[PDB]
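Neighbour counts run over all protein chains shown; Cβ positions are idealised from the backbone, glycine included. Read the figures in this text as sums done on the coordinates, not as results from a lab.
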Protein chains: 2
Amino acid sequence: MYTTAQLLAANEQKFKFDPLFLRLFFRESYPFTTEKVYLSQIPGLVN
Amino acid sequence: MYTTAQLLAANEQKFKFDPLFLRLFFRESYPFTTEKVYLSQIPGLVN
């Protein structure tokens, strides 16, 4: 009621988080205008 | 049915090969005009 507290700076408590993956390997990115996607992997073995 | 399914990748992962012998030892080419091919040598040995 008459304490008259004084506030100092409070902490922030950050989170240790660095992707390395959404910045290293996944450089490419695309949208989907369709319901699904297709992936092609054609092996080449000539005789 | 309703399978629009846009594709985005066509990875091959086909083969791993490089001669390097074509440049290592046989730099010079000599296509034939005739059919018979003659090559010889000279041995060096003396008492």
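In debye to the nearest 20, how big a dipole does the protein assembly as shown give about its Cα centre with +1 on each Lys and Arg Cβ and -1 on each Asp and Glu Cβ? Spell out each step's value before the answer.
Working: 10 positive and 8 negative charges, 29 e Å.
Roughly 140 debye for the protein assembly as shown.
Taking N as the number of residues in chain B, what is its alpha-carbon radius of gyration divided by 2.2 N^0.38 Å?
Working: Rg = 26.4 Å, N = 47, 2.2 N^0.38 = 9.5 Å.
Against the compact-globule rule of thumb, the ratio is 2.78.
Set the Förster radius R0 to 35 Å, insert the Cβ-Cβ distance between B:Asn11 and A:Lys14 as r into 1/(1 + (r/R0)^6), and round the FRET efficiency to 0.05. Kindly include the intermediate steps, with their values, before the conclusion.
Working: r = 38 Å, r/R0 = 1.10.
Approximately 0.35, to the nearest 0.05.
Using 16 Å as the cut-off for backbone N distance, which residues of the stretch B:1-41 belong to the label zone defined by a point 7 Å from the Cα of A:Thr34 along Cα→Cβ?
B:1-11, by backbone N distance to the label point.
Could you give the dipole magnitude of chain B about its Cα centre, charging the beta-carbon of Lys and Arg +1 and that of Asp and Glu -1, in debye to the nearest 20? Before the final figure, lay out the partial values.
Numbers: 5 positive and 4 negative charges, 15 e Å.
With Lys and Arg at +1 and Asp and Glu at -1, about 60 debye.
For chain A, which chymotrypsin sites (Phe, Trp or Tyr not before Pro) pass both filters: DSSP loop (anything but H, G, I, E, B) and at most 16 other C-beta atoms within 10 Å? The partial results should precede the final answer.
Numbers: sites: A:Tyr2, A:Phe15, A:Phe17, A:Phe21, A:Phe25, A:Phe26, A:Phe32, A:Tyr38; in loops: A:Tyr2, A:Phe15, A:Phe17, A:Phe21, A:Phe25, A:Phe26, A:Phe32.
Filter output for chain A: A:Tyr2, A:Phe15, A:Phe17, A:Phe21, A:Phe25, A:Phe26, A:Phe32.
Copy-to-copy spacing for A:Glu28, label 7 Å out on the Cα-to-C-beta vector, in nm, shortest first?
4.6
Go ahead and run the numbers for FRET between A:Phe21 and A:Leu45, Cβ-Cβ distance against an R0 of 25 Å, rounding to 0.05. Please report the intermediate quantities before stating the final value.
Values: r = 32 Å, r/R0 = 1.26.
The computed FRET efficiency comes out at 0.20.
Average partner chain C-beta neighbours within 10 Å, per residue of A:25-37?
Numbers: counts 0, 0, 0, 2, 1, 3, 2, 4, 2, 6, 5, 6, 6.
Partner Cβ neighbours, averaged per residue: 3.
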